[PDB]
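One letter stands for each residue in the lines below.
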Amino acid sequence: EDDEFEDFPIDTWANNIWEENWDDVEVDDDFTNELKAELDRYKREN
Amino acid sequence: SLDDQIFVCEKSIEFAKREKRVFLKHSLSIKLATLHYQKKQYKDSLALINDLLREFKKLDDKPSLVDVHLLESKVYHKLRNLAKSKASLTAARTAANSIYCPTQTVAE
Amino acid sequence: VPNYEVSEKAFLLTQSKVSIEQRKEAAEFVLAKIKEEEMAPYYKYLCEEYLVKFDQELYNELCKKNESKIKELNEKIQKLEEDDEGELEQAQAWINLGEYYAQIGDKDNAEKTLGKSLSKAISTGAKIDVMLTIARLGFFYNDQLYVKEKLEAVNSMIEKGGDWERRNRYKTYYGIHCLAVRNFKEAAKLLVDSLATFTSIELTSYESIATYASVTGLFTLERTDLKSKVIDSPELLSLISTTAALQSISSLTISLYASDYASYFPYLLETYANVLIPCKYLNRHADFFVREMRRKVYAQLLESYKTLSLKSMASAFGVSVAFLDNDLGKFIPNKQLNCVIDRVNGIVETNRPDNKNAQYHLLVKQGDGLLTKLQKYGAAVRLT
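Residues numbered from 1 in each chain as written, not as in the entry; some residues may be left out. Chains lettered and ligands numbered in written order. Part of a larger assembly, values for the part shown. Heavy atoms only, no water.

Its PDB header attributes the entry to cryo-EM and lists the resolution as 3.5 Å.

This is how it is decided: UniProt positions are given in the numbering used here, feature names are shortened, and annotations may be inferred rather than shown by experiment.
Looking up chain C in the PDB entry gives the name 26S proteasome regulatory subunit RPN7, with the organism given as Saccharomyces cerevisiae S288c. What the PDB entry is called, per its title line, is "Structure of the yeast 26S proteasome lid sub-complex". We quote the UniProt Function comment for chain C here in full: "Component of the 19S cap proteasome complex which acts as a regulatory subunit of the 26S proteasome, involved in the ATP-dependent degradation of ubiquitinated proteins." Reading the Subcellular location entry of the UniProt record for chain C gives the comment "Nucleus".

In the nomenclature of the PDB entry, chain B corresponds to 26S proteasome regulatory subunit RPN6 from the organism Saccharomyces cerevisiae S288c.

See the structure below:
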C-alpha cells in the first residue's frame, strides 16, 4: 500500500516548549515603552 | 550625637587591643553597637553585633548577653522581624534569670 | 559546581537594555571568574554568545592547565580501579572528575563521567544528588529539555526512595524549572513552599529565589491567599531591602493588595526593568508577565463597581483616557476581562457572572456551544 505521489512534489524553496495562545505571539512589545511616555506625559500637564 | 563618638570608641577598641583585652573589645563592642543604633545605622551594628553574638558567650559575659538580646533583638525587631527578635528576647529571659543586671535592663 | 553567578552576569551582558554599568562590572566579574576558574568552554561559548574580547592565547593556557588536572584525576583513578576497596571511593574520585568537568563546565564530559559513576555502589546522595548536579548543568546552559529528562530520572530515584531532605532541593529544581517555562501555576506552590527550607549552594542565592517565589506568588495567587502566604512572610520580611529587587517588587505587591492605584504602574515599570529582564529565567517571559499584571489591576479595580467612568480610572492610574481605552481594548474581546466600554459617555460597566441572570445567559450560550458540537460529530458517526 505505497504509491510515490510524484504528482505532488514536496515544496521546493528559494531560501517555545509551552503551547501558545495567539496573544502570546501577539508580542507587540509596545506597552512597556509606550507607558512611560504616557505616564510622564500626563503628569507634566497636571 | 555625632560620628565623633563612634570614632573615639572605635579607637577604644584600638586601646583594648593595645592592652589585648577581649573583655573590653567585647564590652566596648556593646558601647560601639549602641553608638551604631544611635543613628538607626544598626545595619553597621548588624555586622558588629552579628560578630559580637559569640563574643560574649565565649566569655560567658552574662550582662553582655542580655545586652545583646536586648539590643540585637531591637535591631531585627526594627528590621521587621518579630519571630527571631522575639526568639532573641526569649533568649535573654533565660539569660536574665542566669545573669543579674541593673533594673533598667529588666525594664527593657 | 558550576558557580552560577558567572552565567547570570553573562546573560546580563547579552541583554541590550540593561544598564551599561551593570553590563560592564558584570562582564569583568565574569572574566575574573574565567581566570580563577581556568575555564575555556565558556571563553569560546561565551565569546560566541557575545557575537550573537576573544584572546586565544589565554584560552590556550586555560586549556593546558585543564589538560594537566583532568590528566591527574584520570591517573589517580587509574591507580584506584586496581584498588578493590575503593569501589565507593573510585566512584568518588570520578565525582571529582566529572565535577572537575563542571569547574571546566563541559557538559557531555561530566555527563558521561557521572552516568558511568552511578555504576559503583554508592549512597542515595550520590545516585540522586549527583544526578541533581548533572541537571544543574542543564540549568546552567539553559537547555530545559536536558533538564526535563534528568528531573525525570531523579524523579524515579525519589519515587522508589530517598530522603525528603533531598526531595526539597528536588522541588526547588523542578520548581525553578517550571518557572523557566510559562508554567507559573506549578511554581506557585513549589517555590512558595521552598521558602521554608532552601539549599543555595545547589544553584542560587536565597534572595534570588526570594524574588522568584514572590514573583510567581504575585502572579498566580488569589487576593486572600496573597495576603496569607506572601504579604505575610516569615521569610520575605526577614529580607526586604536585602536586594535590589524585593524592595521594588514588594513595593509593587503592597501597592496592589492595598489598592494604591496611582503608584501601581510606576512600580510595575520598575520591576519590569530591575527584576524581570535581568533574570535569565524570567526575561524570556517578561512580556507574558506584564500583560497579565495589567489585567489583574483593571480586574481588581472594577470588581467593586457595576459602573464607573473612565476619567475616574485614568485619573487613578494617572494616564490619559485614550491610552486607557486603548489598553482595555486588548483584554475585553478575549473575555479575559468582564468589563465593557461605552465611549459615547466615557463610561464603563461591568458584566460579570454573579447575579443569577448572568449565570443564566452564560449557561445558555455554553450549552448551545456544546450541543452544536455534539450534533455535528453526531451525524458523522451516524452515517459512518
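## Some points on the overall build of chain C
To keep it simple, the criterion reads: Think of it this way: any DSSP run of H or I at least four residues long counts as a helix, any run of E at least two long counts as a strand, and we number them from the N terminus. The size measure is the radius of gyration over C-alpha atoms, and the globule rule it meets is 2.2 Å times the number of residues to the 0.38 power. Whether a residue is buried, partly exposed or exposed follows from its accessible area with a 1.4 Å probe, protein chains only, as a fraction of its type maximum: under 20%, in between, or over 50%, in that order. When charges are counted, neither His nor the chain ends are considered; positive counts come from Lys and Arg and negative counts from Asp and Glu. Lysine's charge is taken at NZ, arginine's at CZ, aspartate's at CG and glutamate's at CD.
Looking only at helices and strands, chain C has 19 helices and 3 strands in total. Since a compact globule built from 384 residues should have a radius of gyration of about 21 Å, the 27 Å found for chain C marks it as more spread out than a globular shape. Along the first, second and third principal axes, the C-alpha set of chain C runs to 85 × 65 × 45 Å. Counting all 384 residues of chain C, 45% fall into the buried class. Side-chain charges in chain C split into 50 positive and 53 negative, and the spacing between the mean points of these groups amounts to 8 Å.

## Focus: the interface of chain A and chain C
Stated formally: Contacts were defined at the residue level, with two residues in contact if any of their heavy atoms lie within 4.5 Å. A 1.4 Å probe defines the accessible area here, and the buried area is the portion of it lost by two parts on being joined, summed over both. Here, a salt bridge means any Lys or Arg side-chain nitrogen found within 4 Å of an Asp or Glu carboxyl oxygen. Two N or O atoms form a polar contact when they lie within 3.5 Å of each other; inside protein one atom must be a possible hydrogen donor and the other a possible acceptor, and for residues adjacent in sequence the pair counts only when both atoms belong to side chains.
Facing the 15 residues of chain A at the interface are 22 residues of chain C. Both sides of the chain A and chain C interface together cover about 1600 Å² of buried area, and 70% of this is carbon and sulfur. Counting the contacts that link chain A with chain C gives 1 salt bridge. Where A:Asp23 meets C:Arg291, a salt bridge forms, and the shortest distance between an N and an O atom there is 3.6 Å. Joining chain A to chain C, the criterion identifies 2 residue pairs in polar contact. Contributions of two or more residues to the side of chain A that touches chain C are made by α1 (22-26) and α2 (30-43) of chain A.

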